[PDB]
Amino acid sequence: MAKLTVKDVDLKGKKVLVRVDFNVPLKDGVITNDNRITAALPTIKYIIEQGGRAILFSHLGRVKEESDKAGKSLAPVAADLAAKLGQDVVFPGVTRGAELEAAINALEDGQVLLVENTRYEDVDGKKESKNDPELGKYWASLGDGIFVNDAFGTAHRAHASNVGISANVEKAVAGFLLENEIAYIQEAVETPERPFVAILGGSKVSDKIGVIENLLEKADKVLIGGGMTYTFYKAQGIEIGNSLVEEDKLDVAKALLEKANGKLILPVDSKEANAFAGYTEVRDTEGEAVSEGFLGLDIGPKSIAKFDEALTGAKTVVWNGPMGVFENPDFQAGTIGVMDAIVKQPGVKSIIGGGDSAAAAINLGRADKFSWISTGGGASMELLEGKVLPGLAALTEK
């Protein structure tokens, strides 16, 4: 990597500040999904093994007033982590103070402490989420000049717990998970093994305009599916019946088509129905046009075939957005057809970067065939737009 990583610094005997992603779902003080804790382990375990003293920071949920702190303590997360590590995780229950400092000083090589929910500092003046200078300086002062960022999911935002600490230590470096997110979502896009085929779907053009623009420059082809299809169709004068469209984005859609120079590949048919729910007729369109009284709810079979051919021999694929209304079994074919066409390509580096897209891959038994499934959400989108994220800018150059 071009930034330093946790492997590039000497950790033995040192306090090591780590931003981890422990923002797990809770219900009544109970963790309902530990995936993010599991995903955090490799970096944590590495620091322990190297003889570092791990001081962990995370947010959980959002905290606007004092009453919001209830339910959002990391106490259950500290317990969960300790069980996964097979050792104690010290948990003073505070975000700052002399007791916290005393607890940190007492850590021996290989031990772990978890600071309370960083967004507890948001109650008085949004200090974490608005990156109060004094808070970042304070949290940095708890360490020995090393900060490891392993939370790609907030890398697109400037908070005290990422950029604040980074600004106040000598070495701010990437953890193992963030390193992989950068490798797949930034470097594999900027410097792709070609052919690079991007696939963008989902409900709407408006949340993907920046990514389409960037990937039109970086990719060899960009395949479009999902509801976003019908905004592109309407911009061309194609009838779309009752399909999901953003009339306020017709001009931008028209402009992306004009600039695409043949790189933007639309569906050539749809599976349509005469209602979104409670439909009594479902059928394939003959071609692009959707029937009056109907709406398009998946790409059609000619489109699946065309996209499969477009994917032949791809070496890099980035995918965000289902090709149809995947929640419904009648409209899963387009998405399944594209997933299978992606993962069969020899040597392909296949990368998923959307929430419903990852869920679909996992649910339908294809996820294990992809190279990387991103969980960075807004960060993933902003990085696919080609933006310089503050949490990454803040990292030390190798």
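Start at 1 and count along the sequence shown; that's the residue number.
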Stretch with the greater mean C-alpha B-factor as recorded in the entry, comparing 376-384 against 12-20: 376-384
Higher-scoring stretch by recorded Cα B factor average, 257-265 or 225-233: 257-265
Peak C-alpha temperature factor (PDB record), options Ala174, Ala79, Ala151, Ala102: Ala79
Residue, from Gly71, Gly136, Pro301, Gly201, that the PDB entry assigns the highest Cα B-factor: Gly71
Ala361 CA temperature factor, ranked by third within the chain: lowest
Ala393 CA temperature factor, ranked by third within the chain: lowest
Third assignment of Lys84 from its chain's C-alpha B-factors: highest
Lowest, middle or highest third - CA B-factor, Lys126: middle
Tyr46 CA temperature factor, ranked by third within the chain: highest
